[PDB]
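Structural overview for review
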Amino acid sequence: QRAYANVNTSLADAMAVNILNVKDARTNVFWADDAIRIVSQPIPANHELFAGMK
Amino acid sequence: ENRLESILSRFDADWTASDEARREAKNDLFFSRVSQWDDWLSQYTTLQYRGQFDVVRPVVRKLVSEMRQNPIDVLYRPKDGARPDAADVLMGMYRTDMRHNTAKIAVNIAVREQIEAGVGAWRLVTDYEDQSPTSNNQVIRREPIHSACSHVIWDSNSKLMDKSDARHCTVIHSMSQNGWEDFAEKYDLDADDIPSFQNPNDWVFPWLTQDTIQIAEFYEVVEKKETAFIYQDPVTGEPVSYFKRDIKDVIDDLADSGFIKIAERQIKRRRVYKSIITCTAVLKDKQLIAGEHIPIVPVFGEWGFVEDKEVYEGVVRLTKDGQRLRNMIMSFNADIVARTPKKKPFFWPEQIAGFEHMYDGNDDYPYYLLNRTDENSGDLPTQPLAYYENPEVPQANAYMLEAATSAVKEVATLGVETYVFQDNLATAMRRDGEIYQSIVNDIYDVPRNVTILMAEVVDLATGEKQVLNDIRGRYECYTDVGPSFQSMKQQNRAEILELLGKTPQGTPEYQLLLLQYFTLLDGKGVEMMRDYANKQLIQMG
């Protein structure tokens with residue numbers, strides 16, 4: 001379980017939470033190309049809706 | 001009035017008319033090529049055994065092999081009253097540019113789709129070659145059409161099997177991003193403006209990526225009277241050349257070369273125009289292509305009209321009900337075998353309390369002991385032991401499995417033999433020969449034979465381009481169907497062997513044998529025999 005660690009210490013009682021967005025600002029977004037996925041499927045053929053619809 | 005509106009009205013009419021047959025053909029292709037368990041993405045679906053126990057596929061394989069063992073090709077033959085060798089040049093050109101792997105593969109694809117779905121098709125196209133051209137620095141090649149049932153939409157008002165009375169036809173192209181880039185490159189289109197058209201496919205399988213880019217090619221045939229120019233050949237006679245084929249290129253180069261116009265008649269012919277269309281605009285308008293016929297050759301299985309509605313069928317459509325029933329019954333029986341309690345004794349816990357280790361399965365004991373007494377009931381009640389009944393396949397399931405398999409075997413018998421399917425393939429090849437002859441007359445350099453040698457009368461324009469000059473006495477041969485060959489030498493060898501097998505042993509037998517040695521291919525020993533045979537024929541006169 002320790003093999004998956006990603007911080008040094010765990011949350012220790014009254015630790016202050018710093019907010020990092022303090023003014024309105026449009027966001028620039030970076031990522032690694034596989035970090036976002038778009039899972040798509042068709043509407044099932046015999047759905048309750050789309051009953052008599054070709 | 002809009003060209004796009006007229007084209008789309010025609011396409012919508014044909015697409016709506018051919019709806020049922022296309023859906024059944026797509027279902028038959030999916031049934032015989034992907035999976036007999038249809039209905040992907042049915043919302044109400046849990047995990048249950050769905051096994052595929054096949055009986056139609058061996059039949060389809062047998063039929064396809066039978067059709068493959070008996071190839072059929074075009075065979076041009078001289079007409080009635082024509083010169084006895086009126087078809088040699090055309091046959092040579094056809095064998096030359098139809099010997100490649102692509103033509104064979106296209107015919108095979110069409111035949112396999114004819115066997116399974118009910119309709120296949122292929123196309124004929126003309127390309128420019130500088131290394132090995134058939135004639136006039138051009139080639140004519142045959143190309144495959146996959147899923148013709150959904151990718152080729154024919155003109156609705158066509159009552160003929162080969163679709164020779166169809167005035168138009170649209171072929172749908174589906175491409176990925178790189179496919180679209182190559183398509184736009186080859187047709188000089190805008191690759192930045194992604195195109196769109198009717199999607200002819202269906203997300204029926206869990207294929208993780210499907211195609212997205214669609215174009216259409218709309219072919220139309222216009223039959224009209226156009227002006228022809230009658231000249232006088234500087235060698236002898238008077239030829240007829242179309243005005244539109246030399247409208248600007250060599251209209252005065254003919255005069256410079258020494259052609260004097262005699263008269264001018266109006267002759268009625270057909271022209272084929274192609275348009276590249278998306279669902280929103282027309283990309284290419286009326287690009288004129290070579291030939292008089294639409295370059296698409298369709299192949300059918302069982303074909304007909306029911307009530308102003310065309311229906312076709314293969315070998316798979318009728319067997320689907322029996323196959324699906326058999327798959328379902330076998331799945332039910334597999335579930336019976338898997339999830340059913342086995343045959344074990346029924347015990348009261350007090351009957352074996354204390355001897356629980358004698359029935360676990362070991363073989364350490366010579367018998368089994370049971371408790372006999374209870375303190376509050378004096379003695380244990382006596383009743384014969386019960387065992388859980390063994391799993392059994394119901395008589396209904398067994399009868400239905402046998403009867404469904406029998407029904408499939410009884411209905412999956414194409415013909416008695418593939419005689420009718422080979423005849424439909426022969427019809428398609430005859431139409432293919434007609435189209436090829438027209439295209440050859442349009443673009444290739446067809447020599448005219450004189451009885452006074454082949455005389456190719458052509459000339460070059462001021463832009464160094466050469467315009468072929470084909471006379472109107474061009475349809476000197478008709479189309480038949482014969483064995484498939486790769487070259488005229490092979491065809492001549494086959495003819496000589498056929499004559500030899502029937503001629504009795506006389507003087508023509510010697511003649512034919514020496515002729516065979518003459519026509520034989522070349523090595524060293526066969527070279528010696530061929531030299532000897534030539535010498536013998538010459539010295540016998």
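The following refers to the structure shown. (Residues numbered from 1 in each chain as written, not as in the entry; some residues may be left out. Chains lettered and ligands numbered in written order. Part of a larger assembly, values for the part shown. Heavy atoms only, no water.)

For the rest of this paragraph, the subject is the pattern of salt bridges. Residue and element names in this part refer to chain B. Across all of its chains, the model carries 32 salt bridges over all chains by this definition. We note a salt bridge from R112 to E116, for which the minimum N-O separation is 3.0 Å. You can see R112 and its partner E116 sitting in helix 5 (residues 101-116), four residues apart, about one turn around the helix. Among the residues examined, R112 registers a relative accessible area of 27% and is labelled partly exposed. Measuring nitrogen to oxygen at the nearest pair gives 3.5 Å for the salt bridge that ties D127 to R141. Separated by 14 residues along the polypeptide, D127 in strand 2 (residues 119-128) and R141 in strand 3 (residues 138-145) bring together distant segments of the chain. For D127, a relative accessible area of 32% puts it in the partly exposed group. (Salt bridge = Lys/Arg side-chain N within 4 Å of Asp/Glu carboxyl O. Helix = DSSP H or I, 4+ residues; strand = E, 2+ residues; numbered from the N terminus. Buried < 20%, exposed > 50% of the residue type's maximum accessible area, 1.4 Å probe, protein only.)

Below, the discussion takes up the nonpolar core. Residue and element names in this part refer to chain B. Counting residues in hydrophobic clusters, the biggest one holds 48 residues, and the most contacted among them are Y76, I115, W122, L425 and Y436. For this core, the elements supplying multiple residues, two or more each, are helix 3 (56-68), strand 1 (73-78), helix 4 (88-97), helix 5, strand 2, strand 3, strand 10 (296-300) and helix 12 (419-443). A per-element tally of this core places helix 12 first, with 10 residues. Ignoring sequence-local partners within four residues, the contact set of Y436 consists of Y76, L90, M93, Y94, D97, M98, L124, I140 and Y444. Ranked by size, the runner-up nonpolar core spans 14 residues in total, among them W154, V171, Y219 and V272. (Core = buried A, V, L, I, M, F, W, Y, C linked by side-chain atoms within 4.5 Å. Contact = heavy atoms within 4.5 Å.)

Right, let's talk about unusual backbone geometry for a bit. Although it is not a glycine, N136 of chain B sits at a positive phi angle of roughly 60°. Among the structural elements, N136 of chain B can be located in the loop between strand 2 and strand 3.

For the rest of this paragraph, the subject is a negative patch on the surface. Residues and elements named next belong to chain B. A grouping of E181, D182, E185 and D188 is seen on the molecular surface, where their side chains present a negatively charged patch. Looking at the secondary structure, you find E185 in helix 7 (residues 177-186). The exposure class assigned to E185 is exposed, which follows from its relative accessible area of 57%. (Patch = residues over 30% accessible without salt bridge, like charges linked within 9 Å, V, L, I, M, F, W, Y side chains within 5 Å. Areas by Shrake-Rupley, 256 points an atom, 1.4 Å probe, with all protein chains shown as cover. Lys, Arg positive; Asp, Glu negative; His and termini not counted. Charge placed at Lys NZ, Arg CZ, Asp CG, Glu CD.)

What follows concerns helix 4 of chain B. Residues and elements named next belong to chain B. Within helix 4, seven of the 10 residues are buried, which leaves the element mostly enclosed by the surrounding structure. Of the positions making up helix 4, those classed as buried are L90, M91, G92, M93, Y94, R95 and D97. Turning to helix 4, the residues buried within the fold contact strand 1, strand 3, helix 12, strand 17 (477-482) and helix 13 (488-502).

Our focus in this paragraph is the interface of chain B and chain A. With eight residues of chain B at the contact, the number on the chain A side is nine residues. Across the interface of chain B and chain A, roughly 780 Å² is buried in total on both sides, 49% from carbon and sulfur atoms. A per-residue breakdown of the area chain B buries against chain A is headed by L41, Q43 and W203 of chain B, which together make up 67% of the total. For the pair chain B and chain A, the number of links is one salt bridge. In this structure, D19 of chain B engages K54 of chain A in a salt bridge whose closest nitrogen and oxygen atoms are separated by 3.5 Å. For the interface between chain B and chain A, the tally reads three residue pairs in polar contact. (Buried area = accessible area lost by both parts, 1.4 Å probe. Polar contact = N/O pair within 3.5 Å; in protein donor to acceptor, adjacent residues only side chain to side chain.)

Here the focus is the sheet that holds strand 3 of chain B. All names here are of chain B. Taken together, three strands build an open sheet; the order of strands is 3-2-10 and the sheet is antiparallel. Each edge of the open sheet carries a strand with a single partner, namely strand 3 and strand 10. In this sheet, neighbouring strand axes are inclined to one another by 25° on average, regardless of whether the strands run parallel or antiparallel. As paired elements, strand 2 and strand 10 share five bridges and run antiparallel to each other. If you follow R123 over to strand 10, its bridge partner there is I296. (Pairing = 2+ DSSP bridges. Axes fitted to C-alpha atoms, helices over the stretch in contact; angles between N-to-C directions.)

Turning our eyes to something else, we now look at the packing of helix 14 (residues 507-519) of chain B against helix 15 (residues 525-540) of chain B. Residue and element names in this part refer to chain B. Helix 15 packs onto helix 14 with a crossing angle of 135° between their chain directions and a minimal axis gap of 8 Å. Classed by the angle they form, the pair helix 14 and helix 15 counts as oblique. Classified by chirality, the crossing of helix 15 by helix 14 is left-handed. For the pair helix 14 and helix 15, contact is made by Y510, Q511, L514, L515, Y517 and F518 and by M529, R530, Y532, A533, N534, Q536, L537 and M540, respectively. (Parallel < 35°, antiparallel > 145°, perpendicular 65-115°, else oblique. Left-handed = near helix turned anticlockwise from the far one by under 90°.)

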